[PDB]
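Participant: Got a structure for you, written out below as structure tokens; questions coming shortly.
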Amino acid sequence: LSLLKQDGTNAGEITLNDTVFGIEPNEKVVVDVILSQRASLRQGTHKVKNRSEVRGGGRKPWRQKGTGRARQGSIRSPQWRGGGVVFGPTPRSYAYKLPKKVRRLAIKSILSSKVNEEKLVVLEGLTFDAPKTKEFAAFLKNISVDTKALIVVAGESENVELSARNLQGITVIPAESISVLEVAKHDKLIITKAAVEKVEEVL
Amino acid sequence: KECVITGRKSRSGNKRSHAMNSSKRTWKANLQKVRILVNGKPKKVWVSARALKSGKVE
Amino acid sequence: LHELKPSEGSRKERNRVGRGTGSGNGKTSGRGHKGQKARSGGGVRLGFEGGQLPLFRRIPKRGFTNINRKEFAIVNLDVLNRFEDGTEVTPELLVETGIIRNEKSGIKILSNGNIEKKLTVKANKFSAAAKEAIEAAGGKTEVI
Amino acid sequence: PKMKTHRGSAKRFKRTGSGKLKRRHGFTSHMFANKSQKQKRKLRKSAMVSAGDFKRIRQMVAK
RNA sequence: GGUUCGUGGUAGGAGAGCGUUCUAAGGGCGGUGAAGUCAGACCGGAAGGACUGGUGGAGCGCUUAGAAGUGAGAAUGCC
RNA sequence: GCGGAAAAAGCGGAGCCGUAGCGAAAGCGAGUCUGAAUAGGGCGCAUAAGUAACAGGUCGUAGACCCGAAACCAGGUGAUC
RNA sequence: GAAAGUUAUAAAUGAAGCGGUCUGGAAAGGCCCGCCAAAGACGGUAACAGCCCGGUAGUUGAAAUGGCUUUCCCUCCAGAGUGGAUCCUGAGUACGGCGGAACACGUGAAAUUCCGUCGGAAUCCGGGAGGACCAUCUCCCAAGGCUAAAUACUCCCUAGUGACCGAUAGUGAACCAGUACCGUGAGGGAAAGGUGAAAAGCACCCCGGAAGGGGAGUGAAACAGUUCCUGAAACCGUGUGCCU
Ligand SMILES: [Mg+2]
Ligand SMILES: [Mg+2]
Ligand SMILES: [Mg+2]
Ligand SMILES: [Mg+2]
Ligand SMILES: [Mg+2]
Ligand SMILES: [Mg+2]
Ligand SMILES: [Mg+2]
Ligand SMILES: [Mg+2]
Ligand SMILES: [Mg+2]
Ligand SMILES: [Mg+2]
Ligand SMILES: [Mg+2]
Ligand SMILES: [Mg+2]
Ligand SMILES: [Mg+2]
Ligand SMILES: [Mg+2]
Ligand SMILES: [Mg+2]
Ligand SMILES: [Mg+2]
Ligand SMILES: [Mg+2]
Ligand SMILES: [Mg+2]
Ligand SMILES: [Mg+2]
Ligand SMILES: [Mg+2]
Ligand SMILES: [Mg+2]
Ligand SMILES: [Mg+2]
Ligand SMILES: [Mg+2]
Ligand SMILES: [Mg+2]
Ligand SMILES: [Mg+2]
Ligand SMILES: [Mg+2]
Ligand SMILES: [Mg+2]
Ligand SMILES: [Mg+2]
Ligand SMILES: [Mg+2]
Ligand SMILES: [Mg+2]
Ligand SMILES: [Mg+2]
Ligand SMILES: [Mg+2]
Ligand SMILES: [Mg+2]
Ligand SMILES: [Mg+2]
Ligand SMILES: [Mg+2]
Ligand SMILES: [Mg+2]
Ligand SMILES: [Mg+2]
Ligand SMILES: [Mg+2]
């Protein structure tokens, strides 16, 4: 597919590895990995007090027989107004991983999908002399993005992270850090040639 | 109530029936009141028979 | 991300008892009426037979465990065909190839299947049939 | 926590290749005057756990 | 798409769904009036869902997935 | 566990399950055990599919669907009745 | 003991719209134009604000005290080889019997470790262990002491996070709560959040002793009137279309 520069001009074409960017996407696998990665983000810091954990409750409120009232064991029994919760949330992890091979297939398939749909833009360089958000915004217009976009870069390029930091739909990541959920969260995928090399090197 | 030389004293454990019912009991040390001088001056102190065995003041 | 469709039949809705009679699991919530099995935490322990002497106590204990029990990793002839002709096949080669991962007490060659290639196969043990079959092809079995 | 194996059972049953349980016979200590030699030969052999019993106990000896 | 035989039902098995709170992502509504609330002769096979008008005065749907403190008329239930 | 954003990968093969069973065991092995047996019979093989993860059902250990005793034990508080 | 550095405990500076117009009580909203961005965190502001305010990114800052890290001061300090005459190498100790306990191990064939009691070694030609025990071999040298890190927990402090609660929930406690109240005492132990953007919290008149009303006025609204957002149901009334 085509290879274009920051300015937006064509710079020849580049050949993506068909074992990474060519394979027939496995949608079922991508969905499974997305659900797992969403589940793994959960903090799961939720808790309620059961009848043991609620303050007080110790004594039998009134004698078992004779008073004409329903028999009760504690003022913190669950049917009592301020009483214990019966089950309800307990702190737990929601994290789980599918097997490594399925996780590799998922990233291969989501990246292949982006090529098929023509959402993947392969940039020769992408760098900035100084951190300047105006310049990065202008760059996006030259590439004709005008959506959410994941930017993937290799060379340290500290100025690229800073320049895109304040833009709302835009996420800049290393290339080592490319994940199924990050690619799925963004419409366009802008990648530098140097980053493509690093992604193919892993997959 | 403790050996001044060693530290021998009461320790707990079980009494066991045939049928192996357990109940708590103690083992007291064989402490004897005797005059010795740990400090320069003599004094009546608990000492275990075991501690007296061999070399002691009396 | 707004069009996610998990594989058809991979996920099912859990059954919720005690949520009304329309569902078919209302009121008694699938437990039927009364008795030990209708109660919270109810039910007898696993093998319990309501006081009839359980099966395991009707029948005697048998045997002992050998402290020095050896268990050999088994390699049937068929997998030796994988190797090239006139090859020396050692334990270290069998684990490098990944034919046996853990070498419990040693590697023993068994006859199941047949062998085509000429191989010099060293293992800790061979079945009588193994030795014959390796030699019948034209091999030399060594016992390390 | 892990399920615990029933140790009484682990000392009495053996799992076969097909995954069934093999057992020994009961009446095989003392009182041998009261049993016939035919009974003795039969009781000396192993037996399989019945379907009914297997359903009841299989979790006790998983692993 | 037809044909044939079926379709009372407690315990109970099986299936398909409705609705509630929250999350994600798409796409929307809302001071020209959100949610709630009140009323009605509307719609769907049911759970249920709209529309219109009053009150209300600022938030809330919808689609697809996900997760549950997810549905009450009875407990001499608790307030 | 290292690495890292309470990331994602990558690394990590120790271990686990499966690929062979039979026998109390020594052991032998597509057989093996019993047996004097080349017999018969038991369990196996001839009739390979497993494993990892998630979801449903059910079970086990946990209060384990919720409410309810009379009681038991431990440390205290009471002879202003 | 100094000195230097650094962190903490106050702070400082900090880009860009009073843009036009629509609705409105009010504009941060709609429509139409701009602009800043290492700053589009969060909150506030008369409805929803990167450009109105406090701020935020970035860049600066400490008289004083405390922590930390370096360097200096100060303080302290012998370590290799060769023989084996002799000497030393933890005693009521190890171990054993009896009685207990700890060992996953219930006295068992019961090693190992500890306690009470009684008995009681060897001591380099020595001693212990390898799950009764003996022999061989192997590995170790008890009966003296010290020792950071990797581990446990959180009354606290700082900065954050949540497919956690949202006033019968969440802490018992959003509110002067371990209060009120109950109990001789130990102890038990509540209920109870919302005027409005702003008090502009209703001058004045009228009935009434007052309370409370009705006007008038404020306000977007007072059927928002000092407990005052919404205001369901039970329950209590007035009126009346049809029936009795
Ligand atoms: Mg309690
Ligand atoms: Mg009554
Ligand atoms: Mg109770
Ligand atoms: Mg309360
Ligand atoms: Mg509560
Ligand atoms: Mg269902
Ligand atoms: Mg039924
Ligand atoms: Mg009912
Ligand atoms: Mg019933
Ligand atoms: Mg009955
Ligand atoms: Mg029953
Ligand atoms: Mg009986
Ligand atoms: Mg016998
Ligand atoms: Mg029917
Ligand atoms: Mg019919
Ligand atoms: Mg069912
Ligand atoms: Mg809501
Ligand atoms: Mg309401
Ligand atoms: Mg509920
Ligand atoms: Mg009621
Ligand atoms: Mg008693
Ligand atoms: Mg007293
Ligand atoms: Mg008196
Ligand atoms: Mg400013
Ligand atoms: Mg106007
Ligand atoms: Mg408002
Ligand atoms: Mg506001
Ligand atoms: Mg003893
Ligand atoms: Mg024990
Ligand atoms: Mg010994
Ligand atoms: Mg002793
Ligand atoms: Mg010893
Ligand atoms: Mg031994
Ligand atoms: Mg042992
Ligand atoms: Mg020594
Ligand atoms: Mg409360
Ligand atoms: Mg409320
Ligand atoms: Mg009031």
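Participant: So for chain B, taking the charge dipole from beta-carbon charges (+1 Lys/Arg, -1 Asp/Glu), which of B:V34, B:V4, B:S17 sits furthest toward the positive end?
Facilitator: Result: B:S17, furthest along the dipole toward the positive end.
Participant: Another question, if that's okay. Assigning unit charges at the beta carbon (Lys, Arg +1; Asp, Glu -1) and nothing else, what dipole magnitude in debye, to the nearest 20, does chain C show about its Cα centre?
Facilitator: About 1920 debye.
Participant: For segment B:1-39 and segment A:105-139, compute the distance between their C-alpha centroids and round to whole Å.
Facilitator: 83
Participant: Return the loop-located trypsin sites (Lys or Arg not before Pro) in segment C:17-106 (DSSP other than H, G, I, E, B) with at most 14 other Cβ atoms within 10 Å of their own Cβ; answer none if there are none.
Facilitator: Answer by residue number: C:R19, C:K27, C:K34, C:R39, C:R45, C:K61, C:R62, C:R69, C:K70, C:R101, C:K104.
Participant: Would you mind getting me the FRET efficiency between D:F27 and C:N66? Use the beta-carbon distance for r and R0 = 30 Å, nearest 0.05.
Facilitator: 0.55
Participant: Dipole size in debye (nearest 20) for chain D around its Cα centre, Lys and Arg Cβ +1, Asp and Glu Cβ -1?
Facilitator: I would put it at about 180 debye.
Participant: Would you kindly compute the Cα radius of gyration of chain B and its largest Cα-Cα separation (Dmax), both in Å?
Facilitator: For chain B, the Cα radius of gyration and maximum Cα-Cα distance read 15.6, 54 Å.
Participant: So, one more: Net charge near C:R31: determine it from the other residues with C-beta under 12 Å of the C-beta of C:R31, scoring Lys and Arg +1 and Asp and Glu -1.
Facilitator: +4
Participant: Positive end of the charge dipole of the protein assembly as shown (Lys, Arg +1 and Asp, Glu -1 on Cβ, about the Cα centre): tell me which of A:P61, A:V145, D:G52 has its Cα farthest that way.
Facilitator: About the Cα centre, the residue reaching furthest to the positive side is A:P61.
Participant: Sticking with this one: Can you list the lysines whose alpha carbon is less than 25 Å from that of D:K40, not counting same-chain residues fewer than 8 positions off?
Facilitator: Result set, ordered by chain and number: C:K61, D:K11, D:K14, D:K20, D:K22.
Participant: Give, in nm to one decimal, the length gained when the segment between A:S93 and A:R42 is fully stretched (0.36 nm per residue of separation minus the Cα-Cα distance).
Facilitator: Stretched out fully, the A:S93 to A:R42 stretch lengthens by 17.6 nm.
Participant: If one computes the Cα centroid of segment C:74-144 and of segment A:48-78, what distance in Å separates the two points?
Facilitator: Computed from Cα coordinates, the inter-centre distance equals 74 Å.
Participant: A further question on this structure: Under 13 Å Cα to Cα from A:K119, which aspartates and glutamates show up? Leave out anything in the same chain fewer than 8 places away.
Facilitator: A:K119 reaches A:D146, A:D187.
Participant: Next up: Which of C:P6, C:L93, C:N68 sits farthest toward the positive end of the charge dipole of chain C, with +1 on the Cβ of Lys and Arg and -1 on the Cβ of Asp and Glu?
Facilitator: Checking the options against the dipole of chain C, the answer is C:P6.
Participant: Treat the count of other C-beta atoms within 10 Å as a stand-in for reagent exposure and order B:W27, B:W46 from fewest to most.
Facilitator: Ordered by Cβ neighbours within 10 Å, fewest first: B:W27, B:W46.
Participant: Okay, next question. Quick one: what are the phi-derived ³J(HN,Hα) couplings along segment C:89-105, Karplus 6.51/-1.76/1.60 with θ = phi - 60°, whole Hz, x for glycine and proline?
Facilitator: Result, ordered by residue: 9, 9, x, 4, 6, 5, 8, 4, 4, x, 6, 9, 7, 9, 9, 4, 6 Hz.
Participant: List the GluC sites (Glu not before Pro) in segment C:44-144 that DSSP assigns to loop (not H, G, I, E or B) and whose Cβ has at most 15 other Cβ atoms within 10 Å. Which are they?
Facilitator: Filter output for segment C:44-144: C:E49, C:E71, C:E84, C:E103, C:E116.
Participant: At a 10 Å Cβ-Cβ cut-off, how would you order D:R56, B:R16, fewest neighbours first?
Facilitator: If I rank by nearby Cβ atoms, fewest first, I get B:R16, D:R56.
Participant: Still on this structure: What list do you get for A:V30, A:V160 if you sort them by fewest beta carbons within 10 Å?
Facilitator: A:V160, A:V30
Participant: Treating only the Cβ of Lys, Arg, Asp and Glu as charged (+1, +1, -1, -1), what charge dipole size does the protein assembly as shown show about its Cα centre? Round to the nearest 20 debye.
Facilitator: Computed charge dipole of the protein assembly as shown: roughly 8540 debye.
Using ideal geometry, Cβ is built from the backbone for each residue, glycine included, and neighbour counts are taken over all protein chains shown. No lab work stands behind these numbers, since they all come straight from the coordinates.
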